[PDB]
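K.L.:
Pasting the sequence and an experimental structure:
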Amino acid sequence: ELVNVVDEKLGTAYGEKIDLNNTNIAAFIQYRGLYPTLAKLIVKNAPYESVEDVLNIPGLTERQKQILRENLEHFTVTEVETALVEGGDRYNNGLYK
Amino acid sequence: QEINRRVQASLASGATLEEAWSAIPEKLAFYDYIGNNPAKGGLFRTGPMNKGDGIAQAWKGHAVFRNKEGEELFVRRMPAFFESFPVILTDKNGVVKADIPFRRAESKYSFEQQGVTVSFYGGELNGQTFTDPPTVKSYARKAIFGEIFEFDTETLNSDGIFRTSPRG
Amino acid sequence: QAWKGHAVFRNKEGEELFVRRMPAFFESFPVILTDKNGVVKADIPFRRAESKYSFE
Amino acid sequence: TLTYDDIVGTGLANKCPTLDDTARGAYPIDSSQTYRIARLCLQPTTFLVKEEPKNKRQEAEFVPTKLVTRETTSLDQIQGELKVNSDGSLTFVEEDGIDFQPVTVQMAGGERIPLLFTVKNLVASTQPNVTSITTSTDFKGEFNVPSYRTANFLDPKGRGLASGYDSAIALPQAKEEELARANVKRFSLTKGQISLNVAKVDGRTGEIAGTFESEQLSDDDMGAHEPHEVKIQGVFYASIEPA
Amino acid sequence: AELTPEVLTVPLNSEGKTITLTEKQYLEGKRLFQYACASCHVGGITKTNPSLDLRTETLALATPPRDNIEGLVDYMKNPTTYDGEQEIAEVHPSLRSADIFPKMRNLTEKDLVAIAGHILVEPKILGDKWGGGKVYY
Amino acid sequence: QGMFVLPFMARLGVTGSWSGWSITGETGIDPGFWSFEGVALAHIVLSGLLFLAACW
Ligand code: CLA
Ligand code: HEM
Ligand SMILES: CC1=C(/C=C/C(C)=C/C=C/C(C)=C\C=C\C=C(C)\C=C\C=C(C)\C=C\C2=C(C)CCCC2(C)C)C(C)(C)CCC1
Ligand SMILES: [Ca+2]
Ligand SMILES: [Ca+2]
Ligand SMILES: [Cl-]
């Protein structure tokens, strides 16, 4: 029984929040302070077992940790979907304006 | 409009939703289906309407769409002009609540996100509710055509493409 | 698509039985099984009421 | 030393560097030192595809094919860590580079077999106690083969995985079930295998060259049909460096 | 509809203070924006980086906030990334890089104020078209 | 497969196609010009030239 996996993923938390494991990087422009620096570190250090695990990225400043903490309510994680992360699509998903 | 008038008159007299819709004659629902619109054909699409969408077997009943909050959603109907048409659902005031997205990466209205559901009243599917996004989408795809019917596509090797009527 | 293999027929007693082949002449042909000496051992009967050689 | 203008349009840009016949030396591995491959290059010379078995269910053979996508085939500028393991074996961990090429080869009878020839996320290891890389060293490992098309790819009727229609809109009222494999796009991810056989070593410069053979699946057109089995053969080059 | 004083009233700073631009300031703003910025920001998007647009909410969520005259003028003097982390005058037009972006050399403080006012006022007129791209043309 | 002239071409040594297959089940053979396609083409061209001569 065949499933469209992106559509399926949209019914998970991926469709409601920024999925640190899957969401394209431009999504971090939605909230203050995440783009491009933290966004780059987050995508680079994925996947994550839990949202809070993002705080363990090496090299972070205290300011950065605090921003991450203020925006955790906006993050989620789901299983890595190959279709969303191959091809470097997390950095450029073929979508502009 | 006439179908809705009859259904409203049915609800007003105390009928349940299911009863109200089951009282709708199948013939009338069949007139409210774009496959019977004579402006949907093709010059070289030869033969009877049946060779296209198939021999109509039965009305499935009226498809009612709802989101996770339980607000009733309405599929935007395909105008005759369009050989193909997107799938768009709005609330009663025409505000967009759900769709079938083309690009997914920035989708905000997927049926999956909005938890769109469908329940059927009247016809073969009376009383049934489907919540799995693939099936609800399928019925939405059919709902752009209006009332949804079961077809025999096997008997005539129907090809699935609308043909015009003797009127056309 | 593929060969199914060589069919070998046996009765309850275990004697190998051999299907009588259709000659080119016959558009249709009965199903008759004989032992190695050509003695009839089994068939698909037409009339059943007095069948004595049915596969069953 | 050749410039771009010397190379452009000759075909040489698709060739891996070679080492001459005197290069049969040995490159010492200091097990206390960390190492990198600064450039790994793979130039395929033959593409073989396993014919689909007639139904006899004997051993289906790999048959030759003709390359039609021209000299666009080599993997190059690949780099990564070369770990020294506790048993003295070496493991290459691919990090990055131009580690894939789309390739179409054409079978006897005209059938075209597109594939994603790749060593993406390669993990290849040697035999134990490799105190030096010599013409006797070999690397063996596996890699990832992602879908030949990525998620945005739209088929000719506009259907796709991460974008596109989710139905056959030209057949608005056909029964969906028979068309499901085509309507519903799926993203493949399978494993490939590669052997690197060192044939040449310059002990002084850290360059090694040899032959390779890889095995992987071809394109499945986002799940519409069964992929073919492919075996790729060619030459390779790597420059080892302390890092 | 008219270009009223109210349309032309935009946030001066983050502290609730506003400025009402004159019609002549708005026209100057349009003109200078076309002259120095539109090559990349035509219609409020960004051609060399479409992820970032000039919509007011987007500007509001930038660091420091840019949904005001002060923020934009400063951006035009000392541009940063959206999070404020690195200064990008070297690859983006500014007074500070007026040497490498020569169109910025004759731009005065008054001009920067006019441009800022165009950027904030235009979405008040054009709505979703501003920063909308081709979808909204 | 209901092949009629094909067996006559094969019979006299035309066994391969330009497309790479052979009727003996080989792959990656180069039959040269005289593949089945080449025979067909030669016959077509011959046909045309005979047409012109007939006209003359
Ligand atoms: C008023 C005329 C008329 C009409 C409206 C119909 C309408 C109907 N016919 Mg009937 N039909 C007609 C005459 C007509 N027919 C005639 C005279 C015959 C005898 C040959 C038939 C035989 C017939 C059969 C056998 C069948 C129908 C069927 C049907 C239906 C299928 C229509 C079809 O597929 O169209 C197809 C129409 C076209 C593809 C358009 C043709 C356009 C032509 C080829 C253009 C020619 C261009 C010209 C050469 C240009 C010259 C240029 C020069 C001046 C320079 C349809 C309801 C079918 C049906 O379903 O019945 C149950 C059915 O099976 N019809
Ligand atoms: C006077 C001229 C210009 C002004 C005032 C201007 C204005 C702005 C503003 C306010 C931003 C911040 C976007 C945001 O925070 O949402 C921005 C971003 C950006 N603009 Fe300009 N624009 C101008 C011209 C140009 C030109 C000519 C280019 C390119 C050649 C350009 C390229 C960019 C880029 C690349 C960004 C985002 C860079 C980053 O954040 O890392 N702009 N612009
Ligand atoms: C040897 C060789 C070959 C053989 C060849 C052949 C077989 C060929 C033949 C030949 C031929 C077969 C030729 C062709 C011909 C003739 C011509 C050269 C043409 C012509 C005519 C004309 C000139 C005419 C004109 C006109 C017409 C068109 C019309 C009307 C008028 C007129 C009459 C005037 C082969 C292959 C085996 C191989 C090797 C060897
Ligand atoms: Ca069919
Ligand atoms: Ca060796
Ligand atoms: Cl946006």
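P.N.:
Perfect, thanks for sending it. Numbering: from 1, shown residues only, chains lettered A, B, ... in the order given. Ligands and ions are numbered 1, 2, ... in the order given.
K.L.:
ok, now how distant is residue A:67 from chain C?
P.N.:
65 Å (Cβ to the nearest Cβ, to the nearest Å). (C-beta placed from N, C-alpha, C; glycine too.)
K.L.:
and residue D:232, that's in a strand?
P.N.:
Yes. Judged by DSSP: H, G, I helix; E, B strand; the rest coil, residue D:232 forms part of a strand.
K.L.:
any idea where the helices of chain D begin and end?
P.N.:
In chain D, the helices defined using DSSP state H lie at D:4-7, D:180-183.
K.L.:
Go through the last one and flag the buried ones.
P.N.:
Going by neighbour count (16 or more other Cβ atoms under 10 Å in any protein chain shown), the buried part of helix D:180-183 is D:182-183.
K.L.:
How about that helix and chain A, touching?
P.N.:
Yes. Helix D:180-183 is in contact with chain A by Cβ under 8 Å from any Cβ of the partner chain, via D:180-181.
K.L.:
Give the full set of residues in contact with the spatially most central residue of chain A.
P.N.:
In chain A, the centroid-proximal residue (Cα atoms, centre = their mean) is residue A:20; its distance is 2.5 Å. By Cβ atoms under 8 Å, 6 or more residues apart in numbering or on different chains, the contact set of residue A:20 is A:42, A:46-48, A:51, A:54, A:75-77.
K.L.:
now do 6 Å
P.N.:
Counting by Cβ atoms under 6 Å, 6 or more residues apart in numbering or on different chains, residue A:20 touches A:42, A:46, A:48, A:75, A:77.
K.L.:
State the distance from residue B:61 to ligand 1.
P.N.:
Plainly put, residue B:61 is 30 Å away from ligand 1 if you go by Cβ to the nearest ligand atom, to the nearest Å.
K.L.:
Nearest spatial neighbour of the residue sitting furthest away from the middle of chain B, chain-adjacent residues omitted?
P.N.:
The C-alpha centroid of chain B is most remote from residue B:105, which lies 27.2 Å away (Cα atoms, centre = their mean). Sequence neighbours aside, residue A:93 is the residue nearest to residue B:105 in space, at 4.7 Å (criterion: Cβ to Cβ, 6 or more residues apart in numbering or on different chains).
K.L.:
Then residue B:11?
P.N.:
residue B:20 (5.1 Å).
K.L.:
Phi and psi next, for that neighbour.
P.N.:
Main-chain dihedrals, residue B:20, degrees, to the nearest 10: phi -60, psi -50.
K.L.:
From residue B:121, how far out is the closest residue to chain F within chain E?
P.N.:
Across chain E, no residue is closer to chain F than residue E:134, which sits at 45.2 Å (Cβ to the nearest Cβ). Plainly put, residue E:134 is 42 Å away from residue B:121 if you go by Cβ to Cβ, to the nearest Å.
K.L.:
okay, those two: which has more neighbours?
P.N.:
residue B:121 (21 against 9; other Cβ atoms under 10 Å in any protein chain shown).
K.L.:
measure the more buried one to residue B:10 for me?
P.N.:
For residue B:121, the distance to residue B:10 - Cβ to Cβ - is 11 Å.
K.L.:
got the contact list for stretch B:50-67?
P.N.:
With contact meaning Cβ under 6 Å, 6+ apart, stretch B:50-67 is reached by B:21, B:26, B:29, B:35, B:72-73, B:89, B:97, B:114-126, B:139, B:143, B:148-153, B:155-156, B:158, B:161-163, D:173.
K.L.:
so how far is it from its chain's centroid?
P.N.:
Computed by Cα atoms, centre = their mean, to the nearest Å, the separation of stretch B:50-67 from the middle of its chain amounts to 6 Å.
K.L.:
Tell me, how many residues neighbour the closest residue to residue E:133 other than its chain neighbours?
P.N.:
Of all residues not flanking residue E:133 in the chain, residue A:97 sits nearest, at 2.9 Å (Cβ to Cβ, 6+ apart). By the criterion of other Cβ under 10 Å, residue A:97 has 16 neighbours.
K.L.:
repeat for residue D:110
P.N.:
Using other Cβ under 10 Å, residue D:110 is surrounded by 11 other residues.
K.L.:
same thing with residue F:14?
P.N.:
Considering only other Cβ under 10 Å, residue F:14 is surrounded by 18 other residues.
K.L.:
got a list of what it touches?
P.N.:
For residue F:14, the contact set (Cβ under 6 Å, 6+ apart) comprises F:34, F:39.
K.L.:
Strands along chain E, start to end?
P.N.:
With strands called from DSSP state E, chain E shows them at E:9-11, E:18-20.
K.L.:
Mind listing the strands the first one pairs with, and their directions?
P.N.:
It stands for strand E:9-11. strand E:18-20 (antiparallel) (DSSP bridges).
K.L.:
Does residue D:218 touch residue D:117 like I think?
P.N.:
No. If you go by Cβ atoms under 6 Å, residue D:218 and residue D:117 don't touch, sitting 9.2 Å apart.
K.L.:
Show me what residue of chain B gets nearest to ligand 3.
P.N.:
At 39.7 Å from ligand 3, residue B:44 is the closest residue in chain B, using Cβ to the nearest ligand atom.
K.L.:
again with chain E
P.N.:
Among all residues of chain E, residue E:134 sits closest to ligand 3, at 59.1 Å; criterion: Cβ to the nearest ligand atom.
K.L.:
Doesn't the residue farthest from the centre of chain B lie inside a strand?
P.N.:
No. Counting by three-state DSSP, residue B:105 falls outside a strand, being coil.
K.L.:
ok, now which ones touch it?
P.N.:
By Cβ under 6 Å, 6+ apart, the contact list for residue B:105 reads A:24, A:93, A:95.
K.L.:
most neighbours, which of the residues you listed?
P.N.:
When neighbours are counted by other Cβ under 10 Å, residue A:93 leads the contacts of residue B:105 with 24 neighbours.
K.L.:
Distance of that one relative to residue B:107?
P.N.:
12 Å.
K.L.:
For chain A, which residues are neighbours of chain D?
P.N.:
A:2, A:4, A:6, A:82-83, A:86-87, A:94 (Cβ under 6 Å from any Cβ of the partner chain).
K.L.:
I'd like to know which of those residues is nearest to residue A:28.
P.N.:
Nearest to residue A:28 out of the residues of chain A next to chain D is residue A:94 (Cβ to Cβ; 17.6 Å).
K.L.:
Closest to the centroid, which residue in chain B?
P.N.:
Nearest to the mean C-alpha position of chain B, counting by Cα atoms, centre = their mean, stands residue B:143 at 2.0 Å.
K.L.:
contacting residues for that residue?
P.N.:
B:63, B:75.
K.L.:
about what we covered before: hmm, the residue nearest to residue B:11 is touching residue B:7, no?
P.N.:
Yes. Between residue B:20 and residue B:7 there is a contact at 5.0 Å, judged by Cβ under 6 Å.
K.L.:
out of the contacts of stretch B:50-67, which are inside helices?
P.N.:
B:21, B:26, B:29, B:114, B:139, B:143.
K.L.:
Quick check: chain neighbours aside, which residue is closest to the third one?
P.N.:
Read that as residue B:29. Excluding the flanking residues, the one nearest residue B:29 by Cβ to Cβ, 6+ apart is residue B:147, at 4.4 Å.
K.L.:
Pretty sure residue A:67 sits in a helix.
P.N.:
Yes. With three-state DSSP as the criterion, residue A:67 is located in a helix.
K.L.:
Any idea how many residues pack against it?
P.N.:
Residue A:67: 20 neighbours (other Cβ under 10 Å).
K.L.:
in chain D, which strand has the most residues?
P.N.:
Max-length strand for chain D by DSSP E is strand D:35-50.
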